[PDB]
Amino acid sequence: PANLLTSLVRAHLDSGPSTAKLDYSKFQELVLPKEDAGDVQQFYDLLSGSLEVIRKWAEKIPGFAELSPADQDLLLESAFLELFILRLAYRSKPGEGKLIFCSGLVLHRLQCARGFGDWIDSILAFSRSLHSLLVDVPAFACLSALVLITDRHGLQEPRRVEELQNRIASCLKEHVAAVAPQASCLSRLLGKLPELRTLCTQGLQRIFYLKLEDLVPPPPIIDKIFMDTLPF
C-alpha cells in the first residue's frame, strides 16, 4: 500500500497516452466561422472511446476483480461519467483551451463546444481548479479509484466495496502525509468528489438534450448508462 499505491499508479499510467503518443493532426484553435450531426457524432465517439479504457483500468485496481460481477458492472456504469470528466480534466491544459482525450487526440475547446455545449466550459473550470491543487500522480491514482469504488444503490456486497474504498483512502492519506504526521490538503482533495458529481449531472443534461433533438442516436452502451443511472 505500498504495493497498493504502486499498482494504482501503474494502472493509471497505462490507461492514457504517452506525451509521445499525443495526436495534434486535428487540432485547430480557429474554427471557421446550433450543433450539427458531425459535432454530435464526435461527442458520442469521444465518450465511447473512454469506456473500454476505463473498464481495463478498473480491472487493474487490486480487489476490483474480486467484487461480484454484478457489483463491478454497477460501479463502472455509475462512475463512467465522473471518471471521463475527472481523467479529462487532469489530462487537459485549460490555460490553453486544450482538451486531451484518452486516445491521445488533442482538440481545442472551440472544436468541442458545439457537441458538448456549455458542459465543456464547466469541465475546463473544474480542470483549472484541479490543476491549482497540484495533485501528484499517486494522489490522482487513488482519487480516481475512489470515484469508482464507492457506495451505490443496488450493490450486492456494499461492505466489501466499503472495505476496498477504505483501503484506497488509507493508502491516499498515507501518501499525502508522507509527501508533506499530516489533511487540510486531503480534505481539499476529497472536496473535488462532490463537485465532480455535479458535473456528471451536467453531462446527463447534455445527453438528454441531444436525445431530445435526435440528430444522431447515442451508441447503445452510452444510452444504457444514461437510462440506468437515471434515478426515475
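Don't overthink the numbering: it's just position in the shown sequence, from 1. Just so we're on the same page, rigid core means the largest C-alpha set that superposes within 1.5 Å between forms.
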Can you check whether 194-202 or 170-178 lies farther from the displayed model in 6 other deposited structures of this protein, averaging C-alpha distances as RMS after superposing on the core? 194-202
Taking C-alpha RMS after core alignment, which stretch differs more from the shown form in 6 other deposited structures of this protein: 24-32, or 61-69? 24-32
Hey, does residue 183 drop out of the model in a third or more of the other PDB entries compared here? yes
Residues with no coordinates between residue 180 and residue 181 in the deposited sequence, how many: none, 1 to 3, 4 to 9, or 10 or more? 1 to 3
Counting only residues from the deposited sequence, how many are left out of the model between residue 33 and residue 34 (none, 1 to 3, 4 to 9, 10 or more)? 1 to 3
Tell me which stretch, 24-32 or 66-74, has the higher mean Cα B-factor listed in the entry. 24-32
Look up the CA B-factors in the entry and say which stretch, 46-54 or 171-179, has the higher mean. 171-179
Of 165, 184, 198, 205, which one's C-alpha B factor is largest in the deposited record? 184
Lowest, middle or highest third of the chain for the C-alpha temperature factor of residue 159? middle
Among all modelled residues of this chain, ranked by Cα B factor, put residue 117 in the bottom, middle or top third, i.e. lowest, middle or highest. lowest
Chain thirds by Cα B factor, record data; residue 111 belongs to the lowest
According to the PDB entry, is the CA B factor of residue 89 in the bottom, middle or top third of its chain, that is, lowest, middle or highest? lowest
Can you work out whether the C-alpha temperature factor of residue 127 puts it in the lowest, middle or highest third of the chain? lowest
